[PDB]
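Notes to accompany the following structure.
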Amino acid sequence: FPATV
Amino acid sequence: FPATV
Amino acid sequence: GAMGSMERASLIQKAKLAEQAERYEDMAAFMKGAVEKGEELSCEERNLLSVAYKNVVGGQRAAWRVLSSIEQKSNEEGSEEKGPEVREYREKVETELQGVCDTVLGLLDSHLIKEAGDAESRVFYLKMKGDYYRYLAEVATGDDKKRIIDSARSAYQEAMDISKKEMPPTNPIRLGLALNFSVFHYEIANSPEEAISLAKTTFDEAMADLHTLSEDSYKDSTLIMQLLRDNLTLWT
Amino acid sequence: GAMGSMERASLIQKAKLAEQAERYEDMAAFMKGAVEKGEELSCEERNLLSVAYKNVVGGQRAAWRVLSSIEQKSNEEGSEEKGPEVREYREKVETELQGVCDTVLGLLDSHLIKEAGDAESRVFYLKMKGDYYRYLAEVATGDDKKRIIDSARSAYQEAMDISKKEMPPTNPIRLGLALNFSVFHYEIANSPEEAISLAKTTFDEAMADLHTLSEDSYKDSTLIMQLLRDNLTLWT
Ligand SMILES: *CC(=O)NCC1CCN(C(=O)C2(Nc3ccc(Cl)cc3)CCCCC2)CC1
Ligand SMILES: *CC(=O)NCC1CCN(C(=O)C2(Nc3ccc(Cl)cc3)CCCCC2)CC1
Ligand SMILES: [Mg+2]
Ligand SMILES: [Mg+2]
Ligand SMILES: [Mg+2]
Ligand SMILES: [Mg+2]
Ligand SMILES: [Mg+2]
Ligand SMILES: [Mg+2]
């Protein structure tokens with residue numbers, strides 16, 4: 001799962 | 001903190 | 001009961017799904033619903049009940065400790081007065097914790113313990129009763145603190161008496177009970193020598209019984225024995 | 001509003017305590033109460049709001065994924081029929097997630113976005129609006145899925161247009177917006193080339209602006225730039 005902020 | 005189960 | 005319309009088997013199935021999803025509040029509510037169907041619990045079901053509430057109250061206890069530490073610091077010399085908020089929020093978490101403990105104790109009293117006739121079930125539930133009175137004792141500061149502590153002690157002691165009569169020294173329930181009663185002595189009853197004696201005797205008696213066990217039973221028993229040793233290393 | 005009787009400042013103080021205790025549901029409720037006082041939020045307060053709901057919905061999303069995976073497996077060929085429980089419980093978690101998303105979107109619509117006139121606040125809130133429509137899109141399967149996706153896209157796009165006009169390429173809000181809009185393209189809009197182009201262009205334009213920054217601003221910006229690079233490595 002890709003990075004988000 | 002000591003171990004409990 | 002918000003779970004009153006769900007099938008017992010469906011509640012147990014959803015408790016297992018909730019565990020897999022680490023949704024422990026849901027897990028606990030499902031298992032409370034299952035208990036309230038009124039049938040005795042199997043071993044697997046007893047484990048689901050205990051895992052659920054252990055995780056819920058464990059998180060509450062961790063939060064209470066963080067907040068109590070901040071509150072203690074706020075009342076040191078030279079600390080800036082910051083109003084009632086830290087106390088208020090510690091009290092909020094505390095009340096929620098006490099509510100969870102009262103819920104579990106209520107399930108044990110109505111009516112799990114009285115219907116539990118086999119040693120393994122009765123000891124397991126009495127251990128839980130000692131555990132949840134112990135968590136109440138951790139936050140108790142008033143008129144009933146001594147009575148709460150004695151309620152924990154009494155439940156643990158009844159469990160201990162049954163376990164020594166009816167289970168082998170390596171039985172994981174007997175071991176886990178002793179582990180937790182030893183912590184009760186150290187952390188709640190101000191009895192570190194009793195805590196150490198209980199942990200050491202439990203460990204040594206279990207060591208001498210390992211030869212009777214299968215490989216899988218040996219793995220179960222030695223895991224808890226290592227927890228006894230871990231505590232002894234902390235305390236000595 | 002259950003927080004309607006608590007002072008704004010006390011709600012903010014308790015949100016910070018809740019964060020320290022990792023009580024994110026409480027944190028979110030305190031910050032919802034603070035928003036509903038009607039005053040604009042400072043930068044620190046915007047961060048508290050976003051951290052709270054990010055953690056709440058992040059846990060819901062993780063649980064939904066576990067349950068959706070179990071449900072998918074249950075509908076493979078040769079899987080034993082186990083009744084409605086997996087679907088029911090996935091639906092329960094899904095509905096709770098949708099409720100949290102609707103709550104956050106409600107705060108943004110009533111009335112955080114319309115009162116936000118500075119670029120940093122307006123972009124931050126529009127990014128949040130894109131994020132919570134994106135989480136709704138992750139679980140959407142019906143008539144409105146396309147409209148939910150377009151609502152996310154529209155909010156992100158407005159935020160992007162403001163950020164490119166009004167903030168430097170290293171601004172952490174601009175970087176975080178681009179990171180998340182890029183993920184939107186990859187995971188929601190079925191547009192991996194757009195996702196890669198956006199992440200790469202954002203990274204390169206930020207690289208060329210690092211020379212203008214202090215040591216502390218450099219640390220902030222390069223942390224998010226590494227997240228852009230991490231995603232690019234995943235996708236290429
Ligand atoms: C139905 C029943 O008899 N349950 C007792 C199991 C014994 C094996 N076991 C464990 O060893 C661990 N947990 C517990 C929990 C409660 C008690 Cl009284 C003993 C042991 C030990 C710690 C790690 C998790 C399993 C599970 C329960
Ligand atoms: C009030 C305000 O301007 N907040 C933006 C801050 C920028 C610095 N920062 C971060 O770098 C981290 N979190 C976020 C969150 C949202 C956005 Cl749009 C950007 C960055 C980056 C990930 C690790 C936590 C801090 C906090 C917010
Ligand atoms: Mg039935
Ligand atoms: Mg109190
Ligand atoms: Mg003795
Ligand atoms: Mg006021
Ligand atoms: Mg649905
Ligand atoms: Mg472009």
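Labels used: A, B, ... for chains in the order of the structure tokens, numbers from 1 for residues in each chain, and numbers from 1 for ligands as shown.
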
Show me which residues line ligand 7, defined as having an atom within 10 Å of a ligand atom where only C-alpha atoms and all ligand atoms count, and present them as a list in words.
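Going residue by residue within 10 Å of ligand 7, we get residues 87, 88, 90, 91, 92, 93, 94, 95, 96, 97, 98, 139, 140, 141 and 142 of chain D.
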
Output C-alpha atoms for every residue in that selection, as a compact mmCIF listing (two decimals), in the first residue's frame.
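The result, stored in out-v2.txt:
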```txt
# COMPACT_ATOMS: atom_id res chain seq x y z
CA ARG D 87 -20.49 -9.88 4.50
CA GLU D 88 -22.57 -8.57 7.40
CA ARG D 90 -17.64 -6.16 6.54
CA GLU D 91 -20.78 -4.07 5.94
CA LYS D 92 -20.83 -3.03 9.61
CA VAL D 93 -17.24 -1.81 9.50
CA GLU D 94 -17.88 -0.20 6.10
CA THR D 95 -20.88 1.74 7.40
CA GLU D 96 -18.88 2.99 10.39
CA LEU D 97 -16.08 4.09 8.05
CA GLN D 98 -18.54 5.89 5.79
CA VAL D 139 -15.42 1.01 -0.52
CA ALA D 140 -17.88 2.24 -3.16
CA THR D 141 -19.40 -0.35 -5.47
CA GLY D 142 -22.72 1.17 -6.60
```

Contacts of ligand 3, 10 Å or closer, only C-alpha atoms and all ligand atoms, given as a list in words
residues 5, 6, 7, 8, 9, 10 and 37 of chain C

Using only C-alpha atoms and all ligand atoms, I'd like a table of the residues in chain D that come within 10 Å of ligand 8; for each, show the closest atom pair and its distance in Å rounded to one decimal, ordered by chain and ascending number, as CSV.
```
residue,atom,partner,partner_atom_place_in_ligand_line,distance
D:194,CA,ligand 8,1 (Mg),8.2
D:197,CA,ligand 8,1 (Mg),7.4
D:198,CA,ligand 8,1 (Mg),6.5
D:201,CA,ligand 8,1 (Mg),7.9
D:202,CA,ligand 8,1 (Mg),9.5
```

Closest contacts (chain C/ligand 5, max 12 Å, only C-alpha atoms and all ligand atoms) as a tab-separated table:
```
residue	atom	partner	partner_atom_place_in_ligand_line	distance
C:157	CA	ligand 5	1 (Mg)	10.9
C:160	CA	ligand 5	1 (Mg)	10.1
C:161	CA	ligand 5	1 (Mg)	10.6
C:164	CA	ligand 5	1 (Mg)	10.7
C:178	CA	ligand 5	1 (Mg)	10.9
C:181	CA	ligand 5	1 (Mg)	11.8
C:182	CA	ligand 5	1 (Mg)	11.1
C:193	CA	ligand 5	1 (Mg)	11.2
C:194	CA	ligand 5	1 (Mg)	8.2
C:195	CA	ligand 5	1 (Mg)	10.2
C:196	CA	ligand 5	1 (Mg)	10.7
C:197	CA	ligand 5	1 (Mg)	7.4
C:198	CA	ligand 5	1 (Mg)	6.5
C:199	CA	ligand 5	1 (Mg)	10.1
C:200	CA	ligand 5	1 (Mg)	10.4
C:201	CA	ligand 5	1 (Mg)	7.9
C:202	CA	ligand 5	1 (Mg)	9.5
C:205	CA	ligand 5	1 (Mg)	11.9
```

Can you tell me which residues sit at most 8 Å away from ligand 1, counting only C-alpha atoms and all ligand atoms, written as number ranges by chain?
B: 5; C: 42-47, 50-51, 120-121, 123-124, 127, 171-177, 220-221, 223-224

Please report as a VMD selection string which residues of chain D come no farther than 9 Å from chain C, using only C-alpha atoms.
chain D and resid 10 to 11 13 to 14 17 to 18 20 to 23 59 to 60 62 to 67 70 83 to 86 89

So how far away is CA of residue 179 (chain D) from CA of residue 233 (chain D), in Å?
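Separating CA of residue 233 (chain D) from CA of residue 179 (chain D) is a distance of 13.4 Å.
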